[PDB]
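Asks: Here it is: the structure, laid out below.
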Amino acid sequence: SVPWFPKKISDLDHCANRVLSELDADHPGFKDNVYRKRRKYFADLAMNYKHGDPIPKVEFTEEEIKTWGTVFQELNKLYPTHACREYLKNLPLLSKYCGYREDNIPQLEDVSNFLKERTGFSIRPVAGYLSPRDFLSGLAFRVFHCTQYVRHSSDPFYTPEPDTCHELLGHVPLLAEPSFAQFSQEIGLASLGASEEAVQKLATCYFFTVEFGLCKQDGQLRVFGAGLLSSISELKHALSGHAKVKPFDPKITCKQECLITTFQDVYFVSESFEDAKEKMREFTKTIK
Ligand SMILES: CCn1c(=O)[nH]c(=O)c2c1nc(Cc1nc3ccccc3[nH]1)n2Cc1ccccc1
Ligand SMILES: [Fe+3]
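The sequence shown lines up with residues 104 to 123, 127 to 394 when you count with PDB author numbering.
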């Protein structure tokens, strides 16, 4: 039978809280009580959020802003030579309209309003990890489930999980691009009511495009994956020449394991967002 799926944007209220502040043993904040309480604060904001609410604005601490600034400064040195053209086109729009600065962490509500105007994408704060079914279902309504907390200050350059720096620097500039927004939405649409098997394959395709994708533009390899765009070391590695790269091909890509604690073993290159979108259309017919 077909599993429940959201039919309108407010139905995400019923799955966005089905979370699967619970830090892993190796988390840099695992023994930090103050950070643990800060994380509970953010998780509660997300749990209490309902569709239609303005996303609660947060007063970030000086420490949090310094962590953001450190990451922001170093990544921005690399984007011109590493990021895809769509990313580079939209980043300055975010400095102008959403307050992307070294000494200011943008508010999710402002970013959500910006995205709504540009592509109809919006943000929903999320407490933590959701099933791939629930997470991808948001994309069907152009909703990006977004973390609001900041990584621990002890290691600004590495995070064991998504944090708001990753969301804001990695994902948002491409969600502002219509071709990419359509590509993303169609992953979500394909997932709705799909088999467990199909959802898992869509999630892996999502991982190797939206999170760790490369693309070819004017003959050059460029980065569009958000996980790369917010990781200084892997961003450099991905275009270093020491990385294994393969063409994006959903039937093959979906067989690849998604690594968490290390660099990826392989990156997949899309010809364009339009082509990646076409390839997913062909693929989803075979699994759904
Ligand atoms: C389709 C896989 N997938 C899933 O099945 N469920 C998710 O909830 C999910 C996700 N993917 C991302 C977003 C995400 N960005 C990442 C960047 C680097 C490494 C892992 C990432 N997960 N999320 C959101 C998320 C993940 C962990 C903690 C908080 C929020
Ligand atoms: Fe991500």
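For each residue, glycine too, the CB sits at the ideal point set by N, CA and C.
#1: Find out if the Cβ-Cβ distance for the pair residue 231, residue 252 is shorter than 7 Å.
#2: For the stretch 136-154 against the stretch 185-194, do three or more pairs of beta-carbon atoms, one drawn from each stretch, fall closer than 8 Å, so that the two count as touching?
#3: So what does DSSP say about residue 362, is it helix, strand or coil?
#4: Please say whether residue 374 and residue 342 have beta carbons closer to each other than 7 Å?
#5: Taking the straight line between their C-alpha atoms, what separation do you get for residue 150 and residue 192?
#6: Say whether the stretch 208-225 touches the stretch 370-389, bearing in mind that this needs 3 or more beta-carbon pairs closer than 8 Å, one atom from each stretch.
#7: Tell me residue 189's beta-bridge partners as DSSP assigns them.
#8: Cα separation between residue 317 and residue 354?
#9: What distance in whole Å lies between the Cβ atoms of residue 314 and residue 340, which are believed to be in contact at a cut-off of 8 Å?
#10: Are residue 268 and residue 133 closer than 7 Å when you measure CB to CB?
#11: Got a sec: does ligand 2 put a non-hydrogen atom nearer than 6 Å to the Cβ of residue 317?
#12: Looking only at its chain, what residues have a beta carbon closer than 7 Å to the beta carbon of residue 349, apart from the 5 residues adjacent to it on each side?
#13: May I ask you to report which of helix, strand or coil DSSP gives residue 260?
#14: Counting Cβ pairs, one atom from each stretch, are 3 or more of them under 8 Å apart for the stretch 328-336 and the stretch 268-278?
#15: Any heavy atom of ligand 2 within a distance shorter than 6 Å of the CB on residue 238?
#16: Using C-beta distances below 6 Å, list every residue in its chain close to residue 240, excluding the 5 sequence neighbours before and after it, in chain order.
#17: Check whether the Cβ of residue 186 lies closer than 6 Å to any heavy atom of ligand 2, and answer yes or no.
#18: Work out the CA separation of residue 310 and residue 365 for me, nearest whole Å.
#19: Would the beta-carbon of residue 242 fall within 7 Å of that of residue 297?
#20: Straight-line CA distance for residue 158 to residue 214?
#21: Need the endpoints of the alpha helix (DSSP H) that residue 311 sits in, please.
#22: Under a three-way DSSP split, which group does residue 353 fall into?
#23: Indicate whether residue 227 and residue 194 have their beta-carbon atoms separated by less than 7 Å.
#24: Report all residues from its chain with a CB closer than 7 Å to the CB of residue 288; omit the five preceding and five following residues, and keep chain order.
#25: Which residue comes first and which comes last in the alpha helix (DSSP H) that contains residue 148?
#26: Starting from residue 217, follow the alpha helix (DSSP H) in both directions and report where the run begins and ends.
#27: Determine the DSSP secondary structure at residue 121, reduced to helix, strand or coil.
#28: Between the Cα of residue 254 and the Cα atoms of 362, 300 and 153, which residue gives the shortest distance?
Replies: With the given structure in hand:
#1: Against a cut-off of 7 Å, the Cβ pair of residue 252 and residue 231 comes out as a contact.
#2: The count of Cβ pairs closer than 8 Å, one atom from the stretch 136-154 and one from the stretch 185-194, stays below three, leaving the stretches out of contact.
#3: Residue state, collapsed to three classes: coil.
#4: Contact flag unset, no.
#5: Approximately 34 Å, taken between the alpha carbons.
#6: Contact check between the stretch 208-225 and the stretch 370-389: fewer than three CB pairs, one atom from each, fall below 8 Å, which does not count as touching.
#7: Listed as beta-bridge partners of residue 189 by DSSP are 329.
#8: Going from the Cα of residue 317 to the Cα of residue 354 covers about 13 Å.
#9: In fact, because the Cβ distance is near 14 Å, the residues do not count as touching under 8 Å.
#10: No, Cβ-Cβ distance for residue 268 and residue 133 is not below 7 Å.
#11: Residue 317: yes, Cβ under 6 Å from ligand 2.
#12: For residue 349, where only same-chain residues beyond five positions count, the Cβ hits under 7 Å are 343 and 373.
#13: It is coil, neither helix nor strand.
#14: They touch, by the three-pair rule.
#15: Residue 238: no, Cβ never under 6 Å from ligand 2.
#16: 118 and 121.
#17: Flag unset: Cβ of residue 186 not near ligand 2.
#18: Going from the Cα of residue 365 to the Cα of residue 310 covers about 11 Å.
#19: Cβ distance < 7 Å, so residue 242 and residue 297 count as in contact.
#20: When rounded, the separation of the alpha-carbon atoms in residue 158 and residue 214 is 14 Å.
#21: It spans 302-312 - the alpha helix (DSSP H) in which residue 311 sits, taken as one unbroken run.
#22: Residue state for residue 353 is assigned as strand, using DSSP reduced to three classes.
#23: It is not a contact, given that the beta carbons lie outside the stated cut-off.
#24: Excluding positions up to five away in sequence, the list reads 383.
#25: Per DSSP, the continuous alpha helix (DSSP H) segment holding residue 148 begins and ends at 139-154.
#26: Looking at the DSSP string, the run of the alpha helix (DSSP H) that includes residue 217 is 214-224.
#27: Residue 121 falls in the coil class under three-state DSSP.
#28: For the residues 362, 300 and 153, the minimum Cα distance to residue 254 belongs to 153.
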